[PDB]
């Protein structure tokens, strides 16, 4: 991604987030102060990346994030106090998102973007490569299990684990499903 929508009601966090992003080569293409505007802007203008607070006026960050996630249009990072992180973990049934605990610096933000992007690539790949929804729902579960095994048994980060699956499937000229099934067979 390069083009970012930010949604944050606290002016200082918003300004600091914007500056962080600019310094690391992003362009800020939209700024919202509430969840309703965040949804409207994202759906109208299709940014590359959305970063939104979990708590926001009008439409809560989580509800907005779920809606945007459901449309499969962009990776989403949801900013949260440590104690509120479970709100995001619950919401991932809707699609690809990652939380980022506040307060945060760029060294925290960059890995959170990497994670949100990886998850978005996974949902995008599942939507495209798996024919039917009933298959897709179970293929998502399978790929998540295979990722887990690569993380725990081979020490990979979550994004590197999914990248491994995609690169294996591409190079071996097969599917994510088959690669994931073989990971389960081997490491499970």
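Numbering follows the first chain given and starts at 1.
Mean C-alpha B-factor is higher over 83-91 than over the other stretch, the pair under comparison being 83-91 and 98-106. In this crystal structure, the stretch out of 134-142 and 59-67 whose C-alpha atoms carry the higher mean B factor is 59-67. Of the residues listed, 156, 32, 125, 44, the entry assigns the biggest Cα temperature factor to 32. The entry lists a Cα temperature factor for residue 165 that places it in the middle third of the chain's modelled residues.
Looking at the C-alpha B-factors along this chain, the one for residue 18 belongs to the lowest third. Remark: residue 54 belongs to the highest third of its chain, ranked by C-alpha B-factor as recorded. In this PDB entry, the Cα temperature factor of residue 112 sits in the bottom third of its chain's modelled residues, the lowest group. The deposited CA B-factor of residue 40 belongs to the lowest third of values across its chain.
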